């Protein structure tokens, strides 16, 4: 029922993707969707900035990040480093997680490496399959996200939100 779309955006492209994720999630009856960004560690930033413990308030979190050499961005990594207190209390255990990314190639490695990080919190991992990448929505970022990439982002939000409602 409560779905957080949490992102870092350098150029606005992940932000555009995150708003498409959120639009998709909002199509689901019973899903309460909120959009936040992680602090800086350029396009003017838009969404409210999240604090680490806010994550515990959500049933699903959909994480959006540009790649940095096939890893999540330093900004999202630093934010997730500050979830040690959540880890020590089992706060995020069993909550749904899903990820979307943009280039800065490496998009697949960015997603799968993020999964491993979130598995340490015991989060349930939601890929999107054939419905690429199958691991999560991605974009190639001057070039803006295509309508096709945004449709896949919208799908991902909708799918994850439905799973959240089914579970909670």
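For the two forms, the rigid core is made up of the largest set of C-alpha atoms that agree within 1.5 Å on superposition. Residue numbers count along the first chain shown, from 1.
Core superposition of the other structures onto this form places the C-alphas of 132 to 140 farther off in 8 other deposited structures of this protein than those of the other stretch among 52 to 60 and 132 to 140.
Taking the rigid core as the alignment reference, the C-alpha atoms of 42 to 50 lie farther on average from the displayed form in 8 other deposited structures of this protein than those of the other stretch among 42 to 50 and 29 to 37. Deposited sequence between residue 104 and residue 105: 1 to 3 residues lack coordinates. Per the record, residue 141 and residue 142 are separated by a gap of 4 to 9 residues from the deposited sequence that were not modelled.
In the deposited entry, the Cα temperature factor of residue 156 sits in the top third of values across the chain's modelled residues. Annotation for residue 117: C-alpha temperature factor in the highest third relative to the rest of the modelled chain, per the entry. In the PDB entry, residue 148 places in the middle third of its chain by CA B-factor. In this PDB entry, residue 82 carries a Cα temperature factor that places it within the lowest third of its chain's modelled residues. Among the modelled residues of the chain, residue 88 sits in the middle third by CA temperature factor in this PDB entry.
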